[PDB]
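Numbering (the UniProt record's numbering) for the sequence shown: 5 to 102, 120 to 252, 264 to 749.
For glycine and all other residues, C-beta sits at the position ideal for the given N, C-alpha and C.
The structure appears right after this line, and notes come after that.
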Amino acid sequence: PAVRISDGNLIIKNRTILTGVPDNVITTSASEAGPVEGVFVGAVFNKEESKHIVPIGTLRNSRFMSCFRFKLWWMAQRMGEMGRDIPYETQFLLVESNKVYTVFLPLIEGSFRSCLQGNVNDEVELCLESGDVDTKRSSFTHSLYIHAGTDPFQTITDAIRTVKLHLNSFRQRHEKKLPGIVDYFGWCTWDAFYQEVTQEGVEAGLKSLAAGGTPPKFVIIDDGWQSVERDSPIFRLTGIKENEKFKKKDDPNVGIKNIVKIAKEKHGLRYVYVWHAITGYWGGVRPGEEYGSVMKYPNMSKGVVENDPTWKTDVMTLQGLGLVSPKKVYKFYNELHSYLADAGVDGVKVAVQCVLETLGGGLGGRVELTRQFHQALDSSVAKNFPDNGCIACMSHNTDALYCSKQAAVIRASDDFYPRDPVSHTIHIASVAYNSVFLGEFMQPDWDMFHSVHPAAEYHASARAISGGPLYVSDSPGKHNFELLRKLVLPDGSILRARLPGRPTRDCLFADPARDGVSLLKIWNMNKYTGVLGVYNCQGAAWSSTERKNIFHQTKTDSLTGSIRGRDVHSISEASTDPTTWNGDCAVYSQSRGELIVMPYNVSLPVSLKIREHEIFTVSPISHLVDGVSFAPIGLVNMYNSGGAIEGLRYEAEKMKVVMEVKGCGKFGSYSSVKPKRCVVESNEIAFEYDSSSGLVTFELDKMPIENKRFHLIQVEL
Ligand SMILES: OC[C@@H]1O[C@@H](O[C@H]2[C@H](O)[C@@H](O)[C@@H](O)[C@H](O)[C@H]2O)[C@H](O)[C@H](O)[C@@H]1O
């Protein structure tokens with residue numbers, strides 16, 4: 005049977021994960037299609053209610069990782085061993101068995134949303150809420166799904182697919198179209214000007230980054246462009273057009289079209305995005321007949337308030353939101369977005385998403401109001417921004433995730449806070465662990481950062497390995513181009529990795545923000561290399577007592593951990609012959625400038641102090657003949673070097689390697705022997721060769737000529 009409840013125990017492949025499983029908990033593996041390698045779990049109750057806690061069982065001595073909502077809008081990670089350690093508002097839970122990994126996915130069923138939570142007795146409890154007193158229920162069959170496997174990343178994906186086949190309300194990440202912005206460098210106005218952003222400031226920032234040789238090809242005009250008014265009072269949307277700062281200096285009938293033309297035609301941007309809340313603005317839309325806006329006041333749910341008590345006295349909660357009617361929500365988004373699309377705007381960054389869950393009172397609840405708003409947002413986006421131009425922001429609730437049918441980019445953490453020194457380590461931990469779960473739905477966006485900042489290289493390097501959009505919110509003139517050149521090429525393009533950056537197998541269950549012992553290792557893939565980033569992000573975490581992000585004591589400053597080729601979980605998929613491949617890798621340290629050969633399973637020591645990091649490119653070695661091995665590295669002066677290699681063919685019969693490389697700069701490869709000739713576009717070129725390490729090195733001079741996209745490279749051993 006494989007996943008079953010016998011006696012009062014939940015049993016996974018002959019290991020007891022939970023005990024004391026109460027009588028009223030019903031399971032089922034039946035489906036549409038029809039048996040399933042796991043178990044939908046529900047419960048039946050006496051009373052009809054809008055809220056229910058139900059013990060699923062008792063969890064002891066079984067290491068887990070959780071993503072839990074520390075604010076209404078965002079998730080972060082927590083590890084532990086006992087049920088009591090499971091935070092309120094836990095939305096994804098991963099359990100290990102000392120070999121076997123088990124995922125618990127609390128789900129949406131009908132009008133109800135579920136999350137998990139611990140209590141003092143180590144019970145894992147399932148909290149089912151509708152977010153509206155008028156919407157009540159007593160039986161549930163499908164509120165939690167449990168699935169087990171031996172690869173923890175595959176286990177997660179397989180459970181998500183099964184949940185998709187049941188709900189049909191969302192698509193997996195790999196099934197959605199990414200917007201073009203992910204392939205380019207961008208700039209976001211938010212940290213530069215905040216709400217004081219003007220059209221002259223937008224131009225200033227685009228101009229200054231292009232001047233330094235790293236021209237952005239997209240821009241996010243962030244919060245500050247819209248027309249808003251007060252009734264410290266909350267602002268509400270008064271119209272869908274732009275405010276006075278984005279009307280031309282001259283002719284007020286030309287609006288945001290102006291900064292769009294200037295960005296595109298004058299400054300050579302490809303895309304322009306703008307920001308709006310899902311509700312219009314922070315305080316919604318000013319009440320009116322037009323969009324049916326009526327004042328609503330956020331309802332507090334206990335889990336949220338327990339972890340984020342300041343949400344109780346937040347401005348949106350006390351002063352309320354003008355909530356567009358469901359009957360009119362499509363009209364609202366379509367008229368807003370039609371205006372923008374007609375002005376040359378290519379997408380929207382849509383924020384404040386989770387409020388919807390608090391406004392379902394009298395309206396069907398949190399799941400239904402969320403489905404309705406998202407259905408209409410998705411229609412409006414597909415219509416008006418057909419490049420799928422939507423970035424999800426403040427959207428870490430499951431209500432939204434399990435109805436994510438179209439949108440393909442999601443902010444994966446709380447904001448970048450240039451001025452809060454506690455935030456930087458936490459940001460990196462959060463973004464990695466959250467991406468384990470959010471990445472199954474959308475491509476994670478690791479947020480803007482600043483190029484001139486003490487933690488600049490820490491953020492930048494992590495963004496390079498994220499697989500996400502790469503953008504800064506530098507103020508005009510406050511740039512570090514030596515840093516930016518490691519991320520962005522002269523035409524604005526980046527070296528994006530294929531997957532969401534994620535923690536390695538050996539970090540999934542060791543909390544690198546809290547355990548004072550481990551470095552965080554993050555992996556990702558390119559076509560022909562993996563990449564691995566190592567971070568000491570110790571010293572700071574969300575506190576369960578203070579309920580906010582704080583510094584905490586750690587015994588050392590410096591920590592030692594180890595790196596292995598197989599830390600890059602999917603590294604086989606970079607090898608040109610994964611059946612013959614013996615598992616050995618060329619490991620290039622970006623910072624130290626060192627190439628080392630690492631045999632399958634051999635560990636390499638890495639030492640890092642807090643806020644330090646190191647990036648390694650990891651290339652499977654190909655064995656052409658005895659004594660002639662090779663592995664491509666890529667653009668060695670960029671963080672994700674391996675991201676440059678577009679094609680790779682080994683012709684062992686002619687002792688030759690053929691590569692298609694994009695970009696320009698110093699190219700690097702591993703070779704156990706001195707090449708005979710290195711050729712770039714049918715022309716021999718000079719190279720250097722470190723005989724001791726095998727590092728081959730030459731210059732790719734210009735960006736590819738044309739339109740012709742890749743440099744063709746032949747390395748002749
Ligand atoms: O207006 C700025 C916009 O709001 C941001 O949300 C912030 C908010 O400003 C905070 O201070 C908290 O309320 C919340 O935790 C936090 O994520 C978006 O992430 C995004 O960068 C966007 O530009």
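(request) Can you tell me which of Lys381, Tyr166, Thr162, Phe364 puts its alpha carbon nearest to the alpha carbon of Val306? (result) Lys381
(message) For the structure I just gave you, are there three or more beta carbon pairs, one from the segment 546-564 and one from the segment 667-680, closer than 8 Å?
(response) yes
(message) If you measure between the beta carbons of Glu685 and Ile745, is that distance less than 9 Å?
(response) no
(request) Could you tell me whether any non-hydrogen atom of ligand 1 is closer than 8 Å to the CB of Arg443? (result) yes
(message) Please report the straight-line C-alpha distance between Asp477 and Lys51, rounded to a whole angstrom.
(response) 43 Å
(message) I need the DSSP call for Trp613, collapsed to helix, strand or coil.
(response) coil
(request) Under 6 Å Cβ to Cβ from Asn331, same chain only, skipping five residues before and after it: list those, please. (result) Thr390, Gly393
(request) Grab the span of the alpha helix (DSSP H) containing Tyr490 for me, first residue to last. (result) 488-496
(message) What residue range does the alpha helix (DSSP H) around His369 cover?
(response) 361-374
(request) Can you grab the Cα-Cα spacing for the pair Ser623 / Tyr166, in whole Å? (result) 43 Å
(request) Report buried or exposed for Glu720, applying the criterion of at least 16 other Cβ atoms within 10 angstroms of its Cβ. (result) exposed
(request) Please state whether DSSP places residue 255 in a helix, a strand or coil. (result) Looking at the chain, the numbering goes 252 and then 264, which leaves residue 255 without any coordinates in this model.
(request) Along the beta strand (DSSP E) that carries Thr270, what are the first and last residues, could you check? (result) 268-274
(request) Give the DSSP-derived three-state secondary structure of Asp477 in the structure shown. (result) strand
(message) Only counting the same chain, and skipping five residues up and downstream in sequence, which positions put a Cβ closer than 6 Å to that of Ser151?
(response) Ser54, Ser132, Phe133, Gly397
(message) Between which two residues does the alpha helix (DSSP H) holding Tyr465 run?
(response) 455-470
(message) Can you tell me whether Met79 sits near ligand 1, meaning its C-beta is under 8 Å from at least one heavy atom of the ligand?
(response) no
(request) Would you kindly work out how many angstroms separate the C-alpha atoms of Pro173 and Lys279, rounded to a whole number? (result) 52 Å
(message) So, with DSSP's three-state summary, where would you put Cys386?
(response) helix
(request) For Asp243, verify whether its CB is less than 8 Å away from any heavy atom of ligand 1. (result) yes
(request) Just confirm the distance between the C-beta atoms of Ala169 and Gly42, as a whole number of angstroms; I'd bet it's less than 8 Å. (result) 7 Å
(message) Does the beta-carbon of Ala213, which I'm using as the reference point, lie nearer than 8 Å to any heavy atom of ligand 1?
(response) no
(message) Can you find the residues in the same chain that come closer than 7 Å, C-beta to C-beta, to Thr219, ignoring five residues on each side of it along the sequence?
(response) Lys277
(message) By alpha-carbon positions, which one of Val668, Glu683, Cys71 ends up nearest to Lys694?
(response) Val668
(request) Spatial neighbours of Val141 within its chain, please: CB distance less than 7 Å, with the 5 preceding and 5 following residues excluded, ordered by chain position. (result) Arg88
(message) Suppose you measure from the CA of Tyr632 to the CA of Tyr702; what does that come to, to the nearest Å?
(response) 16 Å
(message) Measuring alpha carbon to alpha carbon, tell me which residue in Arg443, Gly565, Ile458 is nearest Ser493.
(response) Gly565
(message) Using a 10 Å radius around the Cβ and a threshold of 16 neighbouring Cβ atoms, would you call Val650 buried or exposed?
(response) buried
(message) Can you find the residues in the same chain that come closer than 6 Å, C-beta to C-beta, to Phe469, ignoring five residues on each side of it along the sequence?
(response) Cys71, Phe96
(message) For a quick check, are the C-beta atoms of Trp208 and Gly226 less than 9 Å apart?
(response) yes
(request) List the whole-angstrom C-beta distance separating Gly471 from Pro532, where the pair is believed to meet the contact cut-off of C-beta under 8 Å. (result) 3 Å
(message) Can you give me the C-alpha to C-alpha distance between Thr729 and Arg530, rounded to a whole angstrom?
(response) 25 Å
(message) Using a Cβ-based criterion (distance less than 8 Å to any ligand heavy atom), does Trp307 qualify as near ligand 2?
(response) Ligand 2 is absent from the structure shown, which contains only ligand 1.
(request) Could you name the residues of the same chain whose beta carbon sits closer than 6 Å to that of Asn556, not counting the 5 residues immediately before and after it, in chain order? (result) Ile497, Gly499, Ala529, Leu531, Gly533, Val563
(message) Considering only the alpha carbon of each residue, which of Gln81, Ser525, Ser35, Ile15 lies closest to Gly61?
(response) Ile15
(message) I'd like to know whether the C-beta atoms of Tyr122 and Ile272 end up nearer to each other than 9 Å.
(response) no
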